[PDB]
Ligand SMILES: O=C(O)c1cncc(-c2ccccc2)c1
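Only one chain is given next, in structure tokens, and it is the form solved without the named molecule.
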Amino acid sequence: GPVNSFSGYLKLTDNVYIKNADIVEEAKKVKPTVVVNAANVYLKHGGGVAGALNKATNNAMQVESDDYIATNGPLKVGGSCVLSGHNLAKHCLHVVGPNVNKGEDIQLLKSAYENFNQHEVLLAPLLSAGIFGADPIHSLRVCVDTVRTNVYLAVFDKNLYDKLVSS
């Protein structure tokens, strides 16, 4: 099924690549095995990457997520769960980064990125780097130090992308 046809990425380390792109648009071109969603524990995909991914699935992601959460209860911070990737990928790895702004432990960003290690290749965003308030430079550094498998990072904003590549 999935083909993982990534292109245009800058190689930062042996297993970490980065691109200035829309993760929804990357997922449609790449057709990856796994696309990562930066979620909350209730899998309510209200905005950011999660809202954008859900919209691209025509709200199917939210319906499947609501069914999973009503059954199995919320996730743990730093935890994750594999659901369907719908039309974007084979699977979607919903990962919950810590809500740094609301006082959750930023050390859980290591546990959040350790969920990546169960998958050979992933298309992902920077965890907790949206409204959760984690410094994206710090989120990238935890990603590099923690992820051992192949991760292709999409950063939407160009200015932040240039900051990240230069750091």
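Residue numbers run from 1 along the displayed sequence.
What comes next is about the form deposited with the named molecule bound, which does not appear here.
- For this ligand-free form, the site is classified blocked because the named molecule, superimposed from its arrangement in the deposited bound form, has three or more atoms within 2.4 Å of the backbone and C-beta atoms.
- With the partner removed from view, the residue among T33, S111, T57, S65 that has a non-hydrogen atom within 4.5 Å of the named molecule in the deposited bound form turns out to be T33.
- With a 4.5 Å cutoff on heavy atoms, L88 counts as touching the named molecule in the deposited bound form.
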